[PDB]
């Protein structure tokens, strides 16, 4: 099954974001067609309390809007162009159909794919957007998704502990920045295992030894953000159990050898 350590998972990071503007319905659809195991979502909360999918706290990078998501209503956000930025940033990858792509709500992504997709969803520290975890859980329940159907990822330990006590059968993954992974110990991994099924470190901090160490605690191991073929091979040879990639078709091809 999806949470088996012997299964290698393709997590399409913000969808097929290497080819399609990140965190759009089209990006996720493309990831699905490319046979990704999971589509990956980041959440922000609007002024009127709605969960939308966006990586940054600000609209600036990926829309023609400006400012903090939480200062804008959903209605105004839905007017924005969340695709043209990609054509500008990567002119060699530009496509006319990317003009006018919209920011989706969490609700729209879940409604779009239902049980036909598996979702890898980020939460924030609970103080960032109060009630985010509860709204997320309720949205998942609405679409009858509450395993491996949904994995919750977060840098925030408190968020994952909260999730784990609210929904004990909702798999979580502790995200780890480079320096955190650099100084990882068996004790810390043992702590992580009490609420999380896996770890998700910056892949740059990985080597054979600490990969073996994470694996020794029976934890899943999904480094981010792995886009280069050479790195895919090295990490799989070391023993990671999946990756976050912007190029899910490439990783699909590579992992067949492992």
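Numbering follows the first chain given and starts at 1.
In terms of unmodelled positions of the deposited sequence, the chain runs continuously from residue 74 to residue 75 in this entry. When 207-215 is weighed against 23-31, 207-215 comes out higher, by mean CA B-factor as recorded in the entry. Per-stretch averaging of Cα B factors for 97-105 and 126-134 places 126-134 on top.
Across the options 153, 139, 84, 183, the residue with the most elevated CA B-factor in the record is 183. The entry lists C-alpha B-factors for 193, 58, 233, 47, and the highest of these is at 193. Compared with the other modelled residues of the chain, the Cα B-factor recorded for residue 173 ranks in the middle third. Remark: residue 197 belongs to the highest third of its chain, ranked by C-alpha B-factor as recorded. Remark: residue 7 belongs to the highest third of its chain, ranked by C-alpha B-factor as recorded.
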